[PDB]
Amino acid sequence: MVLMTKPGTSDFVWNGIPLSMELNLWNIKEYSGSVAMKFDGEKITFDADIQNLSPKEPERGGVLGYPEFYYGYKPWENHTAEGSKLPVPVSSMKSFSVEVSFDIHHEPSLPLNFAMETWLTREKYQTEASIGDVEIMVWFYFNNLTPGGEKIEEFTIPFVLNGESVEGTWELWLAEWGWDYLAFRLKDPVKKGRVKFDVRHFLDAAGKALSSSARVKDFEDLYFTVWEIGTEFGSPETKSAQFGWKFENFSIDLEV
C-alpha cells in the first residue's frame, strides 16, 4: 500500500484508523545509504542503513531523526490525515488508550529509543510550539541515549505488557527549551513486545510536574493534538545508523 524510500509523509488507513506515516530525518544534513518505510495494510516496517551523517542544526545537540507514524495533527508539519478526532482539549480527555506490538533491532552502539509523544498547544492548530506549549514523550525503550534536560522525579504508571498488568517505574526528564520538553523513560526498557496503556496517566503526571511552572499555564486547557509513535536515533557524533522496526496490532480508543 505505501512505500517511501526518502524523507516524506503519506497518509494511510489502518484498521479503519486514519493515520500519517513520516520517514522523518529532520535533523540530518545529508546521508548516503538507504531508508525504506512500508505499510502493507497489516504492519508498518522501517529499515535504515545510512552513513555520512551529521546534524542539520549542530549546536542543538540531540537526535538526528524520528521515523514514525501518528494519529492526529502534528503542529510542526501542519498536517493531519482526514477524519481524525484530535485535537481535543486535555480537560475533555477521559481516556486515550494506545495499544501496539513492536519489534526493534539496531546495531549495538546506536543512540536510539522507542518513543511516542504528543504536543500540547495553546491554540488548536498551531504550526509551531513555543513558550507555553509542551512536548511530552513516553519512552518504552532506549539504548545509549538519555532524554534531554535532567531527571526531576519518578512516577509509577501501570500498563499492560504482553497481556499482563504491570507497574512501570518512569523517570521524568524535563528541559525548558523553546517549549517545555517532558520525557517519561521506562526504567526496564523493552525492545520487543506488546503494550497497551492510557495516555491520560502521563498527562496527569505531566500536569502535576508543571503545576508550579512559570512558563506553562492552564495545563488542562491545552490541546492534545497528536499521538506520534516511532524511534528517535542518533547523536551529534553518530556518523552512520543501521536499525529497523516493525509495528503491528495497533489500535487507539479516545473517550472525550
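A residue's number is simply how far along the shown sequence it sits, counting from 1.
Mean C-alpha B-factor is higher over 77 to 85 than over the other stretch, the pair under comparison being 117 to 125 and 77 to 85. Here 43 to 51 and 185 to 193 are compared by their mean Cα B-factor, and 185 to 193 comes out higher.
The PDB entry gives the largest Cα B-factor of the residues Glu59, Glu228, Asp198, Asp204 to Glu59. Taking the deposited Cα B-factors for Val98, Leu110, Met137, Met93, the highest one is held by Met93. Looking at the C-alpha B-factors along this chain, the one for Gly16 belongs to the highest third. In the PDB entry, a CA B factor belonging to the middle third of its chain's modelled residues is recorded for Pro158. Ranked against the other modelled residues of its chain, the C-alpha B-factor of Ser34 as given in the entry falls in the lowest third. In the deposited entry, the Cα temperature factor of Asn144 places it in the middle third of its chain's modelled residues. Among the modelled residues of the chain, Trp179 sits in the highest third by CA temperature factor in this PDB entry.
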